[PDB]
Structure formats: C-alpha cells, structure tokens
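Right, one structure below, let's go through it.
Below, the structure is given as structure tokens:
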C-alpha cells in the first residue's frame with residue numbers, strides 16, 4: 001500500500017484527524033475524532049452489531065449511536081479513545097505499522113502541557129513508534145505557505161492559536177490565543193436555528209448543524225450591509241437538505257453565525273474578534289518586526305474558506321494598522337489542509353531529522369521529555 | 001425420536017396458533033386459538049363426545065359447541081385453555097413432549113408483562129420444558145423477511161404493533177402499539193352483513209364471517225375510486241358459499257371492512273390508522289434512522305393477504321412522508337407465517353443458544369425471570 | 001367584575017392556560033389548552049350540544065369527544081383553536097378581555113420567533129388589545145420568587161428552557177434547553193402502566209393517566225433505594241380510582257415516571273437529566289457568576305410539585321459542583337403558578353409601564369414588532 | 155478507487171443474501187411441515203351383507 005519507510009503525519013483536532021504519510025500533499029484519509037456507542041436496546045440475535053464504532057465507523061452507524069469526541073479545546077483527555085482512533089487510522093486505512101515509522105503529531109503552543117505528553121506516550125507505549133515529534137500548527141502552516149515570517153491563525157475546532165513568527169523565531173509574548181473555534185460557531189448556529197423553528201439537540205442533529213454551517217455559511221465583507229438585505233429579503237436565503245427529505249431555509253443566520261469570529265460576544269466570550277488577535281500579535285512585536293508581520297498575515301485551517309474572510313480580515317487589520325504600511329493576507333487554496341501539508345514538509349525535511357525523540361530517550365526519561373525535545 | 005433436541009416453535013395469536021420444530025420453514029399444523037364446549041344436552045349414550053374440544057377439534061365439532069378464544073389483543077387471559085392448546089399442539093400433533101425439547105414462544109415487545117411471564121411459567125411448570133425463550137414478534141418478522149432495519153407492522157387478529165427497528169436495535173420510544181386488529185374487522189363484517197340482510201351473531205356465524213373475510217375481502221389501494229363503483233354496481237360484488245348452501249354477495253362492504261385499518265372510526269376506535277402509525281414509528285426516530293425506515297416498511301402477520309394492503313400502506317405513508325424520500329413496502333409470501341418462520345430461524349442460530357432460560361434458572365428466580373433473560 | 005383597565009396575563013402552554021388579571025397573585029381560572037370534538041354520530045335532537053367544546057367544557061363532555069391540544073412544545077400549531085379557547089377564557093369565565101385591557105404573554109427565550117409574531121397578531125387584531133408585551137418565563141419566575149439571580153428551570157408541559165440570569169441580565173451562552181417536559185413524563189407513565197395491564201390510548205384514557213401522574217407520582221431523593229423497596233413490597237403501592245369505579249394499582253411506576261427528569265433516556269432522549277443540565281447552565285457562566293447561580297437554583301413551572309424534587313436536585317447538583325461551594329435550591333409554594341404570577345408582577349410594575357407595545361406601534365410595524373420591542 | 159466500493163458491495167450483498175440464507179436454512183432443514191398425507195379410506199366395500207350388532 002505504501003512504498004517508503006517514511007514518517008507518518010497525524011493532525012488531531014477536536015473535530016477531525018487528518019492522517020497520511022510524510023512526503024504527500026494530502027492525508028490518506030480523514031477520520032473524525034469520534035468513538036461512537038449504541039444508545040438503544042438491541043433486539044436481534046446473530047445480526048452482528050459492534051459495542052463501539054471508531055472514526056468513520058462511528059459516523060456510518062450514527063443513527064443509533066451517541067458520538068463522543070476525545071479531544072476538547074485543543075487537547076486530548078480521552079487518551080483511550082485516541083489510541084483506538086489511531087490504531088484504526090494507521091493499520092486499516094493508512095496501512096502502516098508505526099513501529100516501523102517515526103511519527104509527527106501537532107498542537108497549539110498555548111494548549112495545556114498534558115496534551116503533548118499523552119500523545120507522545122501513546123505512540124511510544126501502545127504503538128512502539130521508533131521516534132516522536134509534536135509540531136506547532138503555525139510552523140507547519142508557514143512551511144506549507146512558503147514563509148518563515150507571519151501571523152498564523154489556524155482556525156481550530158477547539159481553539160484559535162494566533163501566533164507571530166519572525167525569521168523562523170517565535171515571538172511568544174505576542175501570542176493571542178482565543179477561545180473561539182468551529183465547535184462554538186456550530187453551537188451558535190444550533191441556537192439561532194432554534195429561533196427559526198428547527199430544533200437540533202441529539203448527536204445526529206448536532207452533526208447536521210455542523211454540516212449546514214460548512215455548506216451554507218459565510219462571513220461577509222460588510223456585516224451590517226449584508227444583514228440589511230439578508231434580514232429584508234428571501235433573495236439572500238439558502239435551503240439545506242436535511243437527511244429525511246425535509247429542508248431548512250436559512251437567511252441572515254447564514255452569516256450571523258460566522259460573524260462570531262469578528263464578534264465573540266455572540267457566544268458569551270470576552271473578545272474583540274480574530275482581527276484583534278491578529279493585530280495585537282503584530283503590535284506587541286518590535287517595530288522592525290511589524291513591517292514583515294503586517295505584510296504576512298496567514299490563514300490556515302477551516303473558516304478561512306468563508307466568503308469574505310480573506311478580504312474582511314485584510315480590511316479589519318488595515319483599519320487598525322497605521323497608514324503607509326501594507327497589510328496583506330496569505331490564503332492559499334490548500335485551505336483547511338495546509339497544516340497537514342506542513343506536517344508532511346516538516347516530517348520529511350533533512351533539517352528535522354535531528355529533532356526526533358527516539359525510542360531510547362523516551363524510554364529512559366518518560367513522556368515529560370516531549371517538553372524538552374519538541375519546542 | 002427426533003434427530004436433535006431442537007426447540008419446538010409456536011406462535012400463539014388471538015386468531016391462530018401455529019407450531020412445528022426449529023429449523024424447518026413451516027409449522028406442521030395450524031389451529032384456531034380455540035377451546036370448545038357443548039352448549040346442548042346430550043341424549044344419546046356412547047356417542048363419544050368430549051367435555052371440551054381443542055383447536056381443530058373445537059372447530060370441527062362446532063355445530064353444538066360454544067367456542068372461546070383464550071387470547072385477546074396479543075395476551076393470554078385464559079391460561080388453562082392455552083395449556084390444553086399447547087398439549088394438543090406440541091404433543092398430540094407434532095408428537096413431541098416439551099419435556100425433552102426447548103420451547104420458543106412469542107409476544108410483542110410492548111405486550112403486558114403478565115403474558116410473557118405466564119407463558120414462561122406454564123411451559124416450565126406444567127410441561128416441564130428444559131428451557132424457554134419468548135421471542136420478540138417483530139424480530140421474528142425481520143428474521144423471516146431478511147431485514148435488520150424497518151418498521152414491523154404485523155396487523156394480526158389481536159393487536160397492531162408498529163415497531164421501528166434499526167440495525168437489529170429497537171427504538172422503543174417510537175413504538176405505536178395500537179388496539180386495532182383483524183378480530184375487529186371480522187366483527188365489523190358481521191354487523192355490515194347484517195345491514196345487507198344476512199345477520200351473523202353466534203359462534204358458527206362468526207366462523208362463517210371469518211371465512212368470508214379470508215376469501216372475499218380486500219383493502220383497495222384507492223378506496224374512493226373503488227367504492228364509487230362498488231357501491232354503485234353489482235359487477236363489483238363477489239359471491240360466497242355458506243356451509244348450508246346459501247349465497248351471500250358483498251359489494252363495497254368487501255373492502256370497507258378492511259378499510260377500518262385506515263379508518264378505525266368504523267368500529268368506534270380513536271386512532272390514526274395503521275399507515276399513520278407506520279409513519280410515526282418512522283418519524284419519531286432520529287433523522288439518520290428514518291431514511292432507512294422509510295425504505296423498509298416491513299409487513300408481517302395475517303390480514304396482510306388482502307390485495308391492496310401493501311400498495312395501500314405504501315401510498316398513505318408516501319402521502320404523509322417528506323418528498324424526495326423513497327418509501328417502500330416489503331410484503332413477502334412468508335406473510336402471516338413470518339413470525340413462526342422467524343421463530344424457527346431464531347431457534348436454530350448458534351448465538352441463540354446462550355439466550356435460553358434453563359429449567360434451573362427458572363425455579364431459582366420464578367417466572368419474573370422472563371424479563372431478566374428474554375426481554 | 002373589574003373596575004380598572006389592569007393588564008391581563010396569560011400563561012399558554014401545551015397543558016393548560018393559566019389566566020387572570022394583573023395585580024393578583026394567582027390566575028382567576030385555569031383553561032386547559034383543549035378543543036374537544038365529538039367522535040360519534042348524533043341520534044337525538046333538541047339536545048343542545050356544541051360544534052366544538054373548549055377548556056373545561058371539553059373536559060366535562062369528554063366521554064364522547066376526542067380532545068386535541070393546539071400547542072406543541074411551546075408552539076401554537078393551531079391558532080384558530082387558541083382563539084376559541086381565549087374567547088371563552090376572556091369573555092365567559094375571567095370576564096375580562098384584551099379589548100379593554102393591555103395583555104402580557106409568557107414565553108421561553110428560544111421559543112421560535114414566529115410563534116410570538118402570531119400571538120401578537122391575534123391579540124391585536126382578533127381581541128383588539130390596546131397594548132402588548134411578551135415576557136420571559138424565567139424573569140417571571142424570578143420576580144415571583146423574590147430573586148434577580150438564578151437558574152430557572154421553567155418545566156413546561158412540552159419543553160424545559162433552563163436559562164441562567166444574573167443581576168437581572170441574561171446569560172444566553174449558558175442556556176441548556178431540553179426537549180423533556182411534563183407531557184413526556186406522562187408518556188413514560190402510560191407505557192409502564194400498559195406493561196402492568198392498563199393501556200391508556202384513547203382520549204378519556206389519556207386524561208386519566210395524566211391525572212394519575214399528578215396525584216400519585218414523586219421523584220424521591222434516592223431512586224435506587226426507593227426502587228429496592230418499591231419493587232419488593234406492596235406497602236409502596238397505591239390504588240387510583242378510575243372514572244368507572246375500577247382501580248389501578250401502581251408500584252415503582254409511581255416514581256419511574258418522574259425519574260425521566262433525571263433519566264431522559266427513559267423516553268429515548270439523549271440527555272443526562274435536569275440536574276446535569278442545571279449544572280452546565282451554572283458551570284458555563286464565569287466563575288464570579290457561578291457562586292451566585294449555585295446559591296440560586298430556581299425551580300418553576302410544573303413537575304416541581306413531585307415530592308423529593310427539592311432534595312433530589314440540590315443533592316445531584318452538589319455532587320456535580322465543586323466542593324466548599326454552597327448549592328441552594330428555591331422551590332416555593334408558588335410552584336406551577338409562579339410564571340403566571342411573575343406575569344402579574346411584571347405587567348403591574350411601574351418600571352414596566354413604558355415596556356408595552358401600543359396599538360399604534362403595532363399597526364405601523366405589523367406583528368413582527370414583537371421581535372424588536374419585547375426580546 | 156476500485157477497492158472501497160467493492161468492499162461496500164460485499165457487505166451489502168452479505169447482509170441481504172445472509173438474511174435470505176438464514177431463512178432459507180429453516181426452509182431446507184425442515185421441509186416436512188410443508189408436505190401432505192395420503193388420507194386413505196376404508197369405504198366399507200361390503201354392500202352384499204349386513205353387520206352383527208343390534209344397532210345394525
């Protein structure tokens with residue numbers, strides 16, 4: 001199935017796991033970060049039926065399953081479900097045995113330390129991986145984009161990291177991590193759709209609202225003007241097909257939900273939005289750094305695909321920035337996946353083959369070693 | 001005497017009782033659920049003549065008997081008469097004493113507990129069966145049909161069950177058990193035929209009407225067009241031969257009686273009818289489980305032989321159902337006998353041999369054990 | 001009956017409508033949200049009779065009526081029936097009507113907005129109300145309870161809202177709406193009473209099982225210990241008198257129905273129960289809010305009349321809550337009536353006299369005005 | 155691109171033909187209850203003489 005003894009890459013978020021091998025430009029498969037379990041009483045004998053479902057299995061049989069996500073707000077807490085997702089990911093779909101391949105995993109630098117320690121431990125103790133390396137999603141985004149400098153807004157499912165990097169160096173005092181992500185936008189949409197008469201509360205219903213957002217939503221370049229017409233006419237409405245033949249029609253809610261990115265107060269968060277975080281990450285850096293960060297704002301991850309987002313962000317930051325200065329956004333088509341690609345790039349660089357924790361150093365030190373060896 | 005000690009299988013309804021051995025595709029014999037008793041003074045001596053008759057004996061000698069049915073709306077109200085029926089069914093006719101074989105009986109999943117408990121008690125205490133298992137009728141319908149997913153609507157003589165099952169699991173919150181059944185259709189026909197000039201009130205008369213229904217009645221997929229002609233012309237009437245050579249003809253009443261399954265008000269019942277209960281069994285399930293239940297309406301039990309019932313049950317559901325969605329009725333030849341056949345299938349599964357109540361566990365726990373071990 | 005143009009207050013649910021005039025601390029009368037219709041053909045003449053019956057008329061003549069409820073989960077689906085109920089409520093029994101009085105309505109914060117738009121149109125165009133306001137049920141519960149802060153569990157008939165309020169302000173990001181209410185608890189009870197041999201299907205039967213729940217059921221502080229005894233001994237059983245002189249004897253079903261509040265899985269709902277739901281409304285608020293919401297768990301609406309609810313809720317929240325913290329519960333005798341009572345308080349507060357929509361603003365803007373002027 | 159849909163088709167055919175198989179099993183292992191009987195007759199071929207009993 002694979003023709004090289006290369007590194008493996010797995011970007012594990014609170015939404016989905018993107019997994020494949022180092023040297024490619026795409027994951028072999030994307031496995032949702034889900035372990036599903038039946039919530040109903042069985043009645044038929046000898047008709048199979050599993051006790052639990054993993055990844056794509058969990059979504060395929062979801063009609064009667066409650067679906068749980070092992071990762072919350074950027075970190076892994078249900079380490080047991082992570083090991084099952086990984087076993088499936090590696091052995092059934094990537095068709096690899098990590099014992100024979102070094103593995104690269106990712107996190108955000110302002111996430112809690114336990115995440116990198118448990119991810120490292122699972123790969124060394126249950127998979128016997130010869131080596132490990134936990135990467136920075138912002139680093140991977142800059143490699144994928146062809147940059148050494150910029151502000152990376154990685155749009156996670158859990159959290160948004162917001163980090164300035166200059167000439168390959170971290171500028172950590174200027175990181176503005178924000179507790180606003182794709183799962184919060186999804187929760188907001190469940191509540192706004194309730195206002196319109198469509199109640200979405202169960203797992204199947206929650207998965208649908210996420211799917212509605214992905215297909216119907218946008219941010220808009222100008223929220224107030226967009227709402228002035230969206231709130232006044234059916235001409236800005238779009239219908240979504242619910243998987244039972246019924247439809248839901250959504251109007252200004254189509255953008256009011258993504259608007260939370262610019263207005264986090266919509267979900268109860270105290271924040272001025274993603275353009276404030278971008279701005280402060282530049283502003284808190286020295287003036288001989290700022291010129292290069294203004295010219296290199298980097299969009300990575302999901303939400304970066306919303307209509308109006310690259311143009312809106314450039315407008316929102318140039319509005320806060322000084323005049324004369326050029327404010328620019330980098331937003332490649334390798335959207336929602338460029339961080340995976342960055343994983344592939346880093347994992348396969350010759351400059352990175354000395355960065356690995358080996359299964360010698362790990363066995364001698366234990367998982368706390370990841371804090372000294374990765375970043 | 002048998003090649004193997006397989007379970008005896010018997011489906012005890014409010015209408016018919018059917019039995020045979022596990023592993024075959026048909027019951028050996030069918031009996032009415034009847035115990036008969038003379039309603040006349042004997043005058044000749046040495047005429048044989050029993051104090052009570054069972055099953056086919058009761059029906060064959062019915063000219064001077066009053067006939068009683070021990071089962072009503074799916075449950076046994078007279079266990080003494082069922083004891084007589086089981087002895088006749090299993091030992092006199094299949095020629096197997098339950099003492100040497102496990103016995104598989106059946107009941108609806110929302111069938112009152114006293115009935116599943118009494119069936120367990122009698123087979124263990126009066127027949128000394130070595131093991132028991134009371135099957136879910138919907139499960140057996142699915143086993144006989146070759147389905148794991150669908151709505152089992154068993155429209156029998158006793159009760160219509162309406163249960164949604166997905167991937168071998170029940171969705172109990174969506175079961176619409178309804179007290180509308182084939183026995184009511186028979187009594188309605190006795191009354192409507194009275195209106196036509198052919199009164200029916202006695203046991204013999206009821207058995208004639210049940211025979212008329214079974215040979216002459218139908219549902220009509222489009223009853224409005226069917227009655228517009230049937231109620232206007234003799235060309236739509238069908239003749240029936242009565243036991244004494246009389247002939248009765250029936251016109252729109254021929255389908256108006258079965259129509260009660262869709263129009264329950266004809267017998268004074270407050271109900272939406274079987275097509276709406278099928279609809280709600282589907283509609284009350286999660287949206288990722290309805291797309292499969294709409295495509296799998298599973299017909300079972302008796303009354304399913306009326307021409308037009310499958311098409312009449314698919315058209316009405318389609319009318320209630322969302323557009324785009326495919327609505328499909330499954331109405332196999334294993335109709336009316338599907339529960340018995342499914343019983344045979346369940347009994348022979350290797351995985352089902354771990355489901356039996358033994359005649360050890362039974363005495364330690366008592367008959368309430370049926371709720372710990374069966375369902 | 002009245003000598004002043006006081007505001008009228010109506011609390012309209014899927015159960016009953018509580019109604020009376022502002023300034024009172026109780027409704028003047030209760031009007032079941034019912035329209036009854038005969039399900040039988042009339043034979044006698046000179047019998048009076050109605051084409052349709054409402055409220056208490058509908059219940060008094062119910063022996064031959066089918067009884068329908070115009071409201072589902074807080075939404076009016078049949079407003080023509082509500083206008084008949086309201087006409088009776090106002091002109092026949094309360095002896096007050098919107099025509100000569102301003103009117104306050106009670107609603108949930110996420111009640112579909114279209115529902116307020118229609119009720120607004122009806123009171124202004126059918127009943128000619130000079131002014132309107134639609135108030136939050138949680139607000140009304142807090143005024144009636146003597147609080148400005150707390151989690152209000154408004155326990156409706158078809159839905160429970162669960163909204164945290166602090167210092168008079170909504171904390172909407174922490175609303176944990178649950179599709180579980182008093183009408184669903186009734187469904188569980190009738191299914192388990194069906195298992196005991198007492199099916200409840202038709203209208204008269206539906207009303208009886210609701211009445212059984214209200215008079216016999218309770219939650220208790222400890223379900224498992226209550227069941228260990230109730231499932232073992234007749235000393236925990238109670239016989240309820242049915243309308244025809246027969247009785248139903250109920251054991252642990254007496255508490256299993258109410259228990260669905262703590263165990264929603266009993267009716268097929270994917271939920272951890274009202275104490276977890278209350279816990280999350282507190283726990284998702286900022287930590288300097290949390291202490292005041294833990295000290296103010298407010299029970300309102302219906303089902304809170306179940307014995308042991310104050311203790312069951314306080315103990316479960318305390319178990320979920322951080323240690324040191326004091327968890328307190330409010331469960332006043334103004335239960336089930338506190339939403340109506342709060343409506344009276346709010347309608348009459350001097351601070352609220354300018355909060356009314358006049359029938360000037362209404363016609364200039366139309367019914368959608370409620371979305372801008374009320375909430 | 156050719157293996158995944160193949161596997162899905164294998165699973166679907168397995169479930170359907172397997173419910174067909176479990177029911178056809180019951181059909182084939184027991185084909186005795188779907189049989190019949192000879193139902194012979196005595197017919198009293200002796201319309202040349204009568205019987206000994208007092209009733210005859």
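Protein chains in written order, with the entry's author numbering: chain G, 1 to 375; chain E, 1 to 375; chain F, 1 to 375; chain b, 155 to 210. In this text, a Cβ means the ideal position worked out from N, Cα and C, and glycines have one as well.
By the CB criterion at 7 Å, residue 277(G) and residue 111(G) fall outside the cutoff.
For residue 162(F), no pairing in a beta bridge is given by DSSP. Minimum Cα-Cα distance from residue 322(E) among the listed residues 7(E), 132(E) and 283(E) corresponds to 283(E). Among the bridge pairs identified by DSSP, residue 131(G) is matched with 358(G). Cβ neighbours of residue 11(F) within its own chain (closer than 6 Å, five residues either side excluded): 18, 106, 339 and 340.
In the three-state DSSP reduction, residue 277(G) falls in the helix class (H, G or I).
When secondary structure is reduced to three states using DSSP, residue 238(E) falls in the strand class. A Cβ of chain E is located within less than 7 Å of the beta carbon of residue 195(F).
Using a CB distance below 7 Å, the part of the region 333-351 of chain E facing chain b consists of 341, 344, 345 and 348, ordered along the chain.
Its chain contains 236 as the residues whose beta carbon lies nearer than 7 Å to that of residue 229(F), once the 5 sequence neighbours on both sides are disregarded; these appear in chain order. Collapsing the DSSP output to three states places residue 303(E) in coil. Interface criterion met: the Cβ of residue 246(G) is under 7 Å from a Cβ in chain E. By the 16-neighbour rule on beta-carbons within 10 angstroms, residue 226(F) is buried. Contact between residue 300(E) and residue 141(E) holds: their C-beta atoms lie close to 4 Å from each other, under 8 Å. Along the region 151-178 of chain E, the positions whose C-beta sits under 8 Å from a C-beta of chain G are 165, 166, 167, 168, 169, 170, 171 and 172, read in chain order.
Within a 10 Å sphere around the beta-carbon of residue 165(F) sit 16 or more other beta-carbons, which makes this residue buried.
Counting only residues of its own chain and dropping the five nearest sequence neighbours on each side, residue 92(F) has no CB closer than 8 Å to any other CB.
Taking a C-beta cut-off of 8 Å against chain E, the contacting residues of the region 220-247 of chain G are 241, 242, 243, 244, 245 and 246, listed in chain order.
For residue 53(E), the closest alpha carbon among the candidates 5(E), 84(E), 72(E) and 23(E) is that of 84(E).
CA-to-CA, the gap between residue 206(E) and residue 187(E) works out to about 8 Å. Chain-order list of chain G residues neighbouring residue 113(F): 195, 196 and 197, by C-beta distance under 9 Å.
In its own chain, leaving out the 5 sequence neighbours on each side, no residue places its CB closer than 6 Å to the CB of residue 287(E). Put simply, the region 61-81 of chain G touches the region 114-125 of chain G. At least three CB pairs are less than 8 Å apart. Residue pairing by DSSP puts residue 151(E) in a beta bridge opposite 164(E) and 297(E). Close partners of residue 270(F) in chain G (Cβ separation under 8 Å): 39, 66, 201, 202 and 203. Within the same chain, and ignoring the five residues on either side of residue 216(F) in sequence, the residues whose Cβ sits closer than 7 Å to its Cβ are 238, 240, 250 and 254. Annotation: the continuous alpha helix (DSSP H) that includes residue 214(G) extends over 203-216. Bounds of any beta strand (DSSP E) do not take in residue 182(G); it lies within the alpha helix (DSSP H) bounded by 182-195. According to DSSP, residue pairing for residue 247(F) in a beta bridge involves 241(F).
Per DSSP, reduced to three states, the secondary structure at residue 39(F) is coil, with no helix or strand assignment. Comparing C-alpha distances from residue 263(F) to each of 366(F), 124(F), 37(F) and 178(F) shows the shortest one belongs to 178(F).
Here DSSP, grouped into helix, strand and coil, assigns residue 337(G) to coil. Membership of residue 164(b) in the alpha helix (DSSP H) is indicated by the continuous run 158-183. The beta carbon of residue 285(G) lies closer than 8 Å to those of 164, 166, 171, 174 and 293 in the same chain, with the five residues before and after it left out. Listed along chain F are 173, each with a C-beta nearer than 7 Å to that of residue 267(G).
In the same chain as residue 124(E), and ignoring 5 residues on each side of it, the C-beta atoms closer than 7 Å to its own belong to 132, 359 and 362, in chain order.
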